[PDB]
Amino acid sequence: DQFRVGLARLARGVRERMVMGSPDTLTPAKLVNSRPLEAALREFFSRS
Amino acid sequence: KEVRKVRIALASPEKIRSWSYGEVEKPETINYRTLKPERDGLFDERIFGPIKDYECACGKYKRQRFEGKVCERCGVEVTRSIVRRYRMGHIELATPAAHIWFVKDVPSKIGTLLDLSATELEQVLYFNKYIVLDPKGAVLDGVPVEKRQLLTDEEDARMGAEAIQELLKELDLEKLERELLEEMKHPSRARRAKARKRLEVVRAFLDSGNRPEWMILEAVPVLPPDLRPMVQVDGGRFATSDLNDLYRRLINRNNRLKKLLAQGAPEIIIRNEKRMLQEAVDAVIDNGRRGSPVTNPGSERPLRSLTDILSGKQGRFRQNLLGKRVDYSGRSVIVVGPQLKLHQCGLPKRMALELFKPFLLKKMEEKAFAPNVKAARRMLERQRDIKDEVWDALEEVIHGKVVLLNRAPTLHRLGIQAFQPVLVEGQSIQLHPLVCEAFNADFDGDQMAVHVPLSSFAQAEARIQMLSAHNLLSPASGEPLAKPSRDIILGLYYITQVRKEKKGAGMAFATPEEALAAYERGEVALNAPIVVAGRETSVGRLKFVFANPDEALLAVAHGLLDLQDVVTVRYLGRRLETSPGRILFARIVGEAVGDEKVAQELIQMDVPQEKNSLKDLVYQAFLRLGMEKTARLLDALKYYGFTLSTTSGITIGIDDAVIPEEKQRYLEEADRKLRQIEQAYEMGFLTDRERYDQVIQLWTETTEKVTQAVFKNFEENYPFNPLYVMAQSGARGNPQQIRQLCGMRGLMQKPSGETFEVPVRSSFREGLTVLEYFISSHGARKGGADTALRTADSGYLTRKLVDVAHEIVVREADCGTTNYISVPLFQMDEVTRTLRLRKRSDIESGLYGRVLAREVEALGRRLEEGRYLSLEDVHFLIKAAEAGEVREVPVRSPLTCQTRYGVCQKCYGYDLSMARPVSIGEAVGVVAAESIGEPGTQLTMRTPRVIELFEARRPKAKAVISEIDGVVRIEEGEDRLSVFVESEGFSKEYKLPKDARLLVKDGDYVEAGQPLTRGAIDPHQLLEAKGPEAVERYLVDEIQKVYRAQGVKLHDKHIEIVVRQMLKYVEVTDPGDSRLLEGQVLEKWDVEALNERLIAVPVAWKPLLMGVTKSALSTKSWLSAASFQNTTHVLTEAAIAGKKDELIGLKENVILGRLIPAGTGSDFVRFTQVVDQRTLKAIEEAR
Amino acid sequence: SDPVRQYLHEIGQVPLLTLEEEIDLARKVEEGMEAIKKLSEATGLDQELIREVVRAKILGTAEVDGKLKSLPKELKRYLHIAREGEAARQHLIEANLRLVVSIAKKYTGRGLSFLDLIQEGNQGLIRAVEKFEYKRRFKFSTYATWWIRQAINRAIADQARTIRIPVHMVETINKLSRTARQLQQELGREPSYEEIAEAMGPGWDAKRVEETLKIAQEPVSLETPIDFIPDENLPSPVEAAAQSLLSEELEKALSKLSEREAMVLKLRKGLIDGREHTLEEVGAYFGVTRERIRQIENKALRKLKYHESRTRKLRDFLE
DNA sequence: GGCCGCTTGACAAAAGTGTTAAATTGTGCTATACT
DNA sequence: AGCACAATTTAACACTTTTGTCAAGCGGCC
Ligand SMILES: [Mg+2]
Ligand SMILES: [Zn+2]
Ligand SMILES: [Zn+2]
């Protein structure tokens, strides 16, 4: 569940990445960052 | 000078620029790319901007300064804020704002005329029409009505919250009217409620300045605090603080608005960009309604804004009052061991080197040891293990100097006390056993806050009153405490349980036959009668009252007298039969105090045992001793109290509790009755429900029988062998605890509520059927969650008790009051219309040393009025009560005295402790809390009734009662089984449902009307249709029932002095010169407005009734109140008006820093006492 | 449920603009400061005084007209022209609002709440709509759509839970952030500090790169979560008690000194008050000159030290 | 004649003024896309 | 996502000068 909740932001972040820019930098690796689904997933074992 | 009273209330916006002056503005940056501190904006050191090279001019002298760059001799390096206050200004100048205005319609709605929408305009979302130019739609107005577009329909005009400031003088000039034309609204009912609240709010502005500056136009926070530097340690880093960031959303907003407004900014854009500014105000004040988390839009922790932290709940108000931080103490474990019984303590021999280091250093300075005080600070740090000479000088410091030992948690006055530190070995801090009974806790690694008083004026103020050898003997409540606790009782009980081992019943011609023959076989030293006595003829202990019975203790030491009370004739003062065992007891207490003359006429002999009566011996001894000697007893009963059990031993073997050999077949008959009620089902008889409770009662009775059989089997044969009874009788055991082990206890009830079918095959010796424990656990669950749940609500209720009774202190001398209270000597029993002896346990502690309202005549001498009827007079009245001379012993209770600010002199008969009248300074207001500060843990919150009556909250079912005393009138129908009461007048309709619908007749004042079996209708109706007659007494009687159910030692006026507080407030009706027809004036203070003015104006009143929590929100002061659950409305009402805090109040002094008005700092004890004879002789002529 | 809705209902209640009423009302601004410029150089009002003060009157919804009425034989049209063009600051600037809000939903996180972002955002219109090149045949539309975000980026950098982050830090933080997330998505593990140097270019090593993530970006602690962290060491009680003590000890340790030595040390080692006068200033008032007054200084270091090795007192240094 | 003390000269070390080099803001403004 | 120009402003560092300290020389006193 927590993982999902964290993955939720990623989808929201991708949307913002699709609303702006087109040729510059839009590849399935740039639209996805290892910060939301990570930091929010790590703070669960350290504080919960 | 000297601190005294205190002032507060609002402060005009001009006054805000007074304390703060200036120095503010700029962003709230807490640092820069470099130079972490300075920022020249947020917490900038007043006139400190890198190198201002000025400001130091304001300062007259003291020292140099002006160092150009870096910093001069300013505060930044030293004296920076010095923890002192430093207001800013926050500038501000926008439309308007709001000081929260609380949530009780203050500063608005009350002074105005709008509710549930007064914020619509105060938040810039409406329009408070405040102009007259003749409208069109539906005539003009003078309040909110233009909800957008409306105000533009005609296009003065105010759509923002700025109108709040405009209604200042507009309401000031009309203020005089708001107090006249407003009060002009006579009765008419209904609306006569608002006119009261509206007048109370306008009554403040009616005098003592105070303008409607509620419409803040410039806030002023604080900067000195919030700023925590780097904090490494352990495994972490970085740091900061609040009050700054949450504040950034205020200044910046004000500036940005100054940038938008200055430039082109259309209405719409400003209306929303402004409402956020006031939102920031409430944000800095209290975060509620919506909240403001961090890292938006993500939700996390709520920003701390005064709420719950600082000026609010536990954060800077609950921790500063009492739970502060002692800078002279320590903690440790607990231990027990024969020290000396009081007068001494344990305390480590290492840490004590720090607690008593100060004076210890000065001692060495002159004792050669240390050359100077400084050097003495560098000889005991690196743990060089001194253990040389220093341990000696330490004794001189710890000589007659007591220490305060505390216990956590704390409960009642018996939660601190003081002893004399006697450094032992190791580190474990030990204490006297008895003292444990005062803290309620088993030695299992618990700690005790060891506080240490410095000032010598605190040492004498301690060891003379807090010494365990004084304020512990006879505590509050009602019964003693210093009495020999557990263990000790069994050390003297093991020698007085008869020696009758059953030998038969022979006979001798004066000891010449069955004296030598029986000495061979059969018939030892038990029964058998001869001439008159019995087998007592064997070892005649001669001696005399010269040097104790020689032959007695002498024969016991050898292989003769088996001791343990084997029946023997002594000589003491007369030819008795007492065994050498009891003789020891009388001999221990003899040499202890002085001569057995006292113990002889005190200690019983007919029914010795030393059972639960050791509390009566020491108690009765106080009357002929007085600490000095009393203490000696608890010391004599100590040494022997433990040695006797040591050089004897009594183990609890698995067999020690021999199983009832005469029990097995009992369960057979009980089980043989099982089929009896079972076969009734197959025959179709007795409903399944009837069968249920039918079998329950069966085992509910047999259990008592089995317990009786056991207790019996353990009474006759097997005397000292069974220890399970040695403690059950009177030592450290429970009776119902026996029926559990050797018994079979299994009448457990389901988790929800339904006694199981088959009980439990207890008999521990035989493992349960794996089901019995799982079934018995269901009930063994509530017996743990309830006690632990005594910190959820019940624990947060005792505070309410301490708050109410606070300024109650015994002072003055003889007030003179007529009306008196007559305590009932006999109470009724709802079950049967017949009074009982009240069990005596209630009358005793209820009249223990009181003040006879009037002369008491009852067979023989009379009990003069105002006589301190001690325990003696009590028994004299109780035993004479059965005769038929007294029914209501006259007495004076704290409930009868025209003094709300102070208790009363000689009225609070006896100071229930030192066995004498109360002393001027005894803050009974706090002692009253110490009384109720104990049963709390011993209750059942899982339902709660004691607090029900306090807050005067309407009980369950309301328990409808007859408001008037009419006549019978008992009509019945179908579903309207209601009962009425009337007489030649009006008849009320009591829709009595379907429950306790008894008959009764001949009217009834209040009683209960029949349905109200218990917990009569909320006192609100009582006092409403009766007065302060039943209210003040009904509590003292009912509230105690919850305590009597558990047999509480406390009682007397301890609970009768807290009621006067809830019933010391009166209302107003046709006052004299005094404003407010409604009002809520207090008792005494109101009596003054009718005492001095009586020499002229009628000022009638009505005895109002307030709860326990209500007696805090509205009091004569403000420092109190709050706490509970309303630390928002208090400071509000408290402010605005003058509401000047009183002066006589424990807290007022503790908080402000003043001295205690009670204790040795009372107004009755502030004279001189220094005069070494020649001093008075010299001054005699020197004058 | 936030107060943003109240404004969201007031911003989305008034219609925007058709299409031709965007330039027809814009030209009023051009000729506005123009017709206003007539009186500008006429009396010397910088043309900014006649506009700022007049616009304040244009919004009667909340003076200079005096001389603006004496209009000579050559003045009477400019009056109406000045008021006719005054309508330029009337309707316009009331539309963009709505067209705005639907943009701040992007920077919902970095810094400042949605409500706050509105300010710096819509405010960007005040200066945007103004500098509008009515010349080009592009027609105003999705233009201020940018003059807002640029104001936002120029705001999120100005306002934040930091201290002072210019355009040379936010741009670098996010650059070191995207890079840290760029190499991360192309490595498998979190890149260190020095391993990011190559990712940048010149000047960026490991120290300065660490100094960027050292200051802040939004941390600065969660203020005071869960009186949060104790720590303290400024107005130390013992330090103050020992302060006067160490001072008194000296007042006593100077009892075995002479005026022509103690006072010398007093004024020399700045003690009397704070003046750290030197032998030069101590020699003028003390009759004798330098040397011997300096041979007494040393005499103090010795005659005093000789009273330390035999008398414990070297425990005042650690303070 | 010798020793001690005081004063002056020389040497060394650390400031006020000057000089220049590095950073922020505004604004400009850029710029691109959509209506 | 941001670069420049300019402009202007902020920050610091270094110089030549001055001040302070130490050693040497001269004078006075014993
Ligand atoms: Mg424990
Ligand atoms: Zn300065
Ligand atoms: Zn009284």
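Key figures for this structure:
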item: Condition check for C:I103: under 22 Å from B:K274 (Cα atoms) and either away from chain B (no Cβ under 13 Å) or of a type in the set (D, E, K, R) (or both); result: yes
item: Any hit, region B:95-111, residues being away from ligand 1 (no atom under 16 Å from the Cβ) and within 14 Å of another protein chain (Cβ to nearest Cβ); result: yes
item: Residue in region C:145-154 that is under 30 Å from B:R253 (Cβ atoms) and within 12 Å of chain B (Cβ to nearest Cβ) present; result: yes
item: Conditions (1) within 25 Å of the chain's Cα centre (by Cα); (2) farther than 24 Å from B:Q1040 by Cα: number failed by B:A883; result: (1)
item: Search result, residues across region B:250-272 that are over 25 Å from C:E223 (Cβ atoms) and in a helix (DSSP H, G or I); result: B:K258, B:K259, B:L260, B:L261, B:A262, B:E267, B:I268, B:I269, B:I270, B:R271, B:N272
item: Helices (runs of 4 or more DSSP H) completely within region B:405-520 that count 1 or more residues being farther than 21 Å from B:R732 by Cα; result: B:456-463
item: Qualifying position, being exposed (fewer than 15 other Cβ atoms within 10 Å of the Cβ), among the aromatic types (F, W, Y), more than 16 Å from ligand 1 (Cβ to nearest atom) and over 30 Å from C:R275 (Cα atoms), among B:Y54, B:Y21, B:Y61; result: B:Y21
item: Subset of region A:16-30 (residues that are at the interface with chain C (Cβ under 10 Å from one of its Cβ atoms), surrounded by 10 or more Cβ atoms within 10 Å (Cβ to Cβ) and within 18 Å of C:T108 (Cβ to Cβ)); result: A:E16, A:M20
item: Which listed residue is over 27 Å from C:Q119 (Cβ atoms), within 40 Å of the chain's Cα centre (by Cα) and not in a loop (DSSP other than H, G, I, E, B), from B:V202, B:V233; result: B:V202
item: Count - residues of region B:118-145 that are part of a loop (DSSP other than H, G, I, E, B), within 14 Å of chain C (Cβ to nearest Cβ) and out of contact with any strand residue (DSSP E or B) (no Cβ under 7 Å at 6 or more places or on another chain); result: 3
item: In region C:13-23, the residues that are away from chain B (no Cβ under 11 Å) and of a type outside the set (S, T, N, Q); result: C:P15, C:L16, C:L17, C:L19, C:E20, C:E21, C:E22, C:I23
item: When residues of region B:397-434 are limited to those that are in contact with a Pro (Cβ under 9 Å, 6 or more places away or on another chain) and small (G, A, S), the one surrounded by the most Cβ atoms within 10 Å (Cβ to Cβ); result: B:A418
item: Pairs with Cβ under 7 Å, 6+ apart, first in region C:45-70 and more than 14 Å from every other protein chain (Cβ to nearest Cβ), second among the small types (G, A, S) and outside any loop (DSSP other than H, G, I, E, B); result: C:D46/C:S40; C:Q47/C:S40; C:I50/C:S40
item: Flag for B:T1168 being β-branched (V, I, T) and closer than 23 Å to B:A805 by Cβ; result: no
item: Residue in region B:533-543 that is in the same structural domain as B:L633 (by CATH) and under 52 Å from the mean Cα position of the chain (by Cα) present; result: no
item: Those helices (runs of 4 or more DSSP H) lying entirely in region B:588-670 with at least 2 residues within 36 Å of the chain's Cα centre (by Cα); result: B:614-622, B:630-646
item: Residue count, region B:231-249 (criterion: more than 14 Å from C:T224 (Cα to Cα), of a type outside the set (S, T, N, Q) and within 12 Å of chain C (Cβ to nearest Cβ)); result: 6
item: Residues (facing chain C (nearest Cβ under 10 Å), surrounded by 16 or more Cβ atoms within 10 Å (Cβ to Cβ) and more than 15 Å from C:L112 (Cα to Cα)) located in region B:295-307; result: B:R304
item: From B:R46, B:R85, B:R73, B:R7, residue being at the interface with chain C (Cβ under 10 Å from one of its Cβ atoms) and assigned to a loop (DSSP other than H, G, I, E, B); result: B:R73
item: Filter result for B:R799 (outside the structural domain of B:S913 (by CATH) and either under 30 Å from B:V706 (Cα atoms) or not in a loop (DSSP other than H, G, I, E, B) (or both)); result: no
item: Test: residue in region B:250-258 that is farther than 24 Å from B:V83 by Cβ, within 10 Å of chain C (Cβ to nearest Cβ) and surrounded by fewer than 20 Cβ atoms within 10 Å (Cβ to Cβ); result: yes
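Per-residue answers, yes or no, for (1) in a loop (DSSP other than H, G, I, E, B); (2) over 25 Å from B:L623 (Cα atoms); (3) within 16 Å of ligand 3 (Cβ to nearest atom); (4) within 14 Å of chain C (Cβ to nearest Cβ):
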position: B:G816; (1), (2), (3), (4): yes, yes, yes, no
position: B:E882; (1), (2), (3), (4): yes, yes, no, no
position: B:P890; (1), (2), (3), (4): no, no, yes, no
position: B:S893; (1), (2), (3), (4): yes, no, yes, no
position: B:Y901; (1), (2), (3), (4): yes, yes, yes, no
position: B:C904; (1), (2), (3), (4): yes, yes, yes, no
position: B:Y908; (1), (2), (3), (4): yes, no, yes, no
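For every residue, the table says whether it meets (1) within 24 Å of B:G291 (Cα to Cα); (2) at the interface with chain B (Cβ under 10 Å from one of its Cβ atoms); (3) surrounded by fewer than 18 Cβ atoms within 10 Å (Cβ to Cβ).
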| residue | (1), (2), (3) |
| --- | --- |
| C:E86 | no, no, no |
| C:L92 | no, yes, no |
| C:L97 | no, yes, no |
| C:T108 | yes, yes, yes |
| C:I118 | yes, yes, no |
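Residues checked against (1) within 12 Å of another protein chain (Cβ to nearest Cβ); (2) among the hydrophobic types (A, V, I, L, M, F, W, C):
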{"residue": "B:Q263", "(1), (2)": "yes, no"}
{"residue": "B:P266", "(1), (2)": "yes, no"}
{"residue": "B:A280", "(1), (2)": "yes, yes"}
{"residue": "B:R289", "(1), (2)": "yes, no"}
{"residue": "B:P293", "(1), (2)": "yes, no"}
{"residue": "B:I309", "(1), (2)": "yes, yes"}
{"residue": "B:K313", "(1), (2)": "no, no"}
{"residue": "B:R318", "(1), (2)": "yes, no"}
{"residue": "B:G330", "(1), (2)": "no, no"}
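Numbers and lists here come from the model and the stated rules, or from a named source; none is laboratory data. Neighbour counts run over all protein chains shown; Cβ positions are idealised from the backbone, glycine included.
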